[PDB]
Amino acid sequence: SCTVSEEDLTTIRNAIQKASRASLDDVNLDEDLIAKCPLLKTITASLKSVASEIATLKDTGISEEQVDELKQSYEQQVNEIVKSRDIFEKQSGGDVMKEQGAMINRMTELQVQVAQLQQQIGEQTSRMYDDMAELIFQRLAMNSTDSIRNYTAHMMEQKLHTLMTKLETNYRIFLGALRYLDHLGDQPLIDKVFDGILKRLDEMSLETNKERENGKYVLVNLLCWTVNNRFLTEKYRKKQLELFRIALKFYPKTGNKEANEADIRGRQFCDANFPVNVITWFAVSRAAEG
């Protein structure tokens, strides 16, 4: 259950407003207060998540003009929640002594509005990542069959390597690239990019935690990309043995299946079992046959 006192609701309101600002700091609520209403934990986790995602945007090559448009959108949307009379203000008129006035119902409506804000910002940033990925393909002159038609094999390989070094450092950029290729419907380009992803996965260094993180997201979502796509599923089929080799490189200890599966599912942006099956089952079984 959730009980909040009248004055504690006022400090929740101010703590939410303070999370909207240019500093985007973590909501720091007293533990006694969190204890009486643990629902607050997921609200504060949501706002932290949005701010941490806006911070990642700055690190990329996205223009700080666009980051400013995003930060003001976030700020306006949080102020809308702060101003909500159903959540924070006394019941008035025909609302006096409605059930909605109970603190549990105010906090539930706060959780809904914060969850919907997180979804809306998620949609905006996801569009920004689409645009950034496309810009990468354009700047590298790799954005169509026509652009790549007159590349030698050596230059094509060189271009694909450069492309992967830019896509792999932020999995949301990588996902944006996959969405851009899907919508373009240029199959010779998809064919080559698939080869390029496999070659990077097969050879990239895995010395640091950041490199293993980059590779694992790329591997898992490459597999997701093939699901329900005949052409990409056929590409998986032809390069099956190489993907098994890559899978056991990123997920070596075949015995800790449960932890690997949880790790894989946390990086997945499809809902399919196929990435888990490839990495923790097919690859493990096929290395063992002989």
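We number the residues from 1 along the sequence you see.
Discussion item. Per the record, averaged over C-alpha atoms, which has the higher B-factor: 6-14 or 21-29?
Written reply: In the deposited entry, the stretch with the higher C-alpha B-factor mean is 21-29.
Discussion item. Going by the mean C-alpha B-factor recorded in the entry, which is higher: 118-126 or 67-75?
Written reply: Between 67-75 and 118-126, it is 67-75 that shows the higher mean C-alpha B-factor.
Item to complete: Go through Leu223, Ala55, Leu232, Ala247 one by one and give the residue whose Cα B-factor in the PDB entry is largest.
Response: Each of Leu223, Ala55, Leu232, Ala247 was compared by C-alpha B-factor; the highest is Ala55.
Fill in: C-alpha B-factor winner, where the candidates are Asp182, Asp195, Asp86, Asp202
Spelled out: the listed residue with the top C-alpha B-factor is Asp86.
Fill in: Assigned third (lowest, middle, highest) for the C-alpha B factor of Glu213
Middle third - that is where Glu213 ends up once the chain's C-alpha B-factors are sorted.
Worksheet item: Going by the entry, which third of its chain does the Cα temperature factor of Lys238 land in?
Response: Its C-alpha B-factor, which the entry lists for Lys238, ranks in the middle third among residues of this chain.
Worksheet entry | Ranked against its chain, the third holding the CA B-factor of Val96 | Its C-alpha B-factor belongs to the highest third of this chain's values.
Worksheet entry | CA B-factor ranking of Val50, expressed as a third of its chain | Answer is middle: the recorded C-alpha B-factor places it there.
Worksheet item: Going by what the PDB entry lists, where does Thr162 fall on CA B-factor within its chain: lowest, middle or highest third?
Response: Lowest third - that is where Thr162 ends up once the chain's C-alpha B-factors are sorted.
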